[PDB]
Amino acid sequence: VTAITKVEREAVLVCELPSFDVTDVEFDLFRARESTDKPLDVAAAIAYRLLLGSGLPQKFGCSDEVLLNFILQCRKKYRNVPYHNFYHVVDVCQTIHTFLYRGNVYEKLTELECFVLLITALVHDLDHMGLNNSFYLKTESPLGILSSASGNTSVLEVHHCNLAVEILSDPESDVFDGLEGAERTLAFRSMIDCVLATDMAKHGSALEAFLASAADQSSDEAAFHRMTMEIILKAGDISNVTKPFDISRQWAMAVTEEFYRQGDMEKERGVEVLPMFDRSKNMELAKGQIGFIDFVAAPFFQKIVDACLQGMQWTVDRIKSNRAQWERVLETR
């Protein structure tokens, strides 16, 4: 990795984000990307500001410059794809900030853990190519073969973790260089555990483990922390439907498109194409958003709120409300 230049840093630092509150649950990253013709620097500054406003990097000996070098080393490794690009990980970072500090989930974690979560957000989809793990396995692509041969089916998540480790192995971009011994180990392990937990194939069992730990007043305390961190990063990653309707809708269009591209490539390769990824097999968002709400997001948010994260009730209220709004799209079609 080439080190970050004074000039790259400068270009982020000049962005002032007039009229945006990055800490608000109704912050609108799409309005932010439009606001200038340098949307990547704006996103970077959003992340810089979120991290500095937490007060956390300062506490763990991470200078403002090492923080920003890191953000930029992360950013150079995202791709120009419709959904799993740099704006997604910035969105996850911001969203986590709100769960921690508007939803008071910070009370369940140490400051270090809060810090790790915010950093982990920005590493968690590094070098994503717009194709899911299933694609690499079905096509016997080289990374798919390596994953099968090595016994880990989380093709992409292990890859993201490998790139996060390389960024952090340079002191210039190691946000954890101020740590040592147990703390350093904890930062790396918890970051890696959270990224590995974002594989949706493990959704049900990560949710069930957290729920059973929350209900158990004798749960091991370090395990409860780790799982809380995992569940918060997962919540960030499926949080699109917890946002104001127009925001949620623009996310939905972005993912939908990326899925369709995968499906096109799966056609051109002659492998199985799921209906979800099949262009010629769908005419509408509404039914798909509702489906995702009903089977994935609403049960996830409601369970974790009721189990433990009472402060995040707004997410459940907003899902309910977005669902009703998609139902009006159907009722009036």
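Each residue number is its position in the shown sequence, starting from 1.
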Quiz item: Looking at the entry, does 160 to 168 or 227 to 235 show the higher mean C-alpha B-factor?
Solution: 160 to 168
Practice problem: Please work out which of 295 to 303 and 266 to 274 has the higher mean CA B-factor as recorded in the PDB entry. | Solution: 266 to 274
Exercise. Can you pull the Cα B-factors for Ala209, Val89, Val81, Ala187 from the entry and say which is highest?
Key: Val81
Self-check item: Of the residues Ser219, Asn104, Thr110, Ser148, the one carrying the largest Cα B-factor as recorded
Solution: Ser148
Quiz prompt | For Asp127, the third of its chain into which the C-alpha B factor falls | solution = middle
Practice problem: Place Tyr136 in the lowest, middle or highest third of its chain's C-alpha B-factors, as listed in the PDB entry. | Solution: middle
Quiz prompt | Ranked against its chain, the third holding the CA B-factor of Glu180 | solution = highest
Quiz item: According to the PDB entry, is the CA B factor of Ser213 in the bottom, middle or top third of its chain, that is, lowest, middle or highest?
Solution: lowest
Practice problem: Could you tell me which third, lowest, middle or highest, the C-alpha B-factor of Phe259 occupies within its chain? | Solution: middle
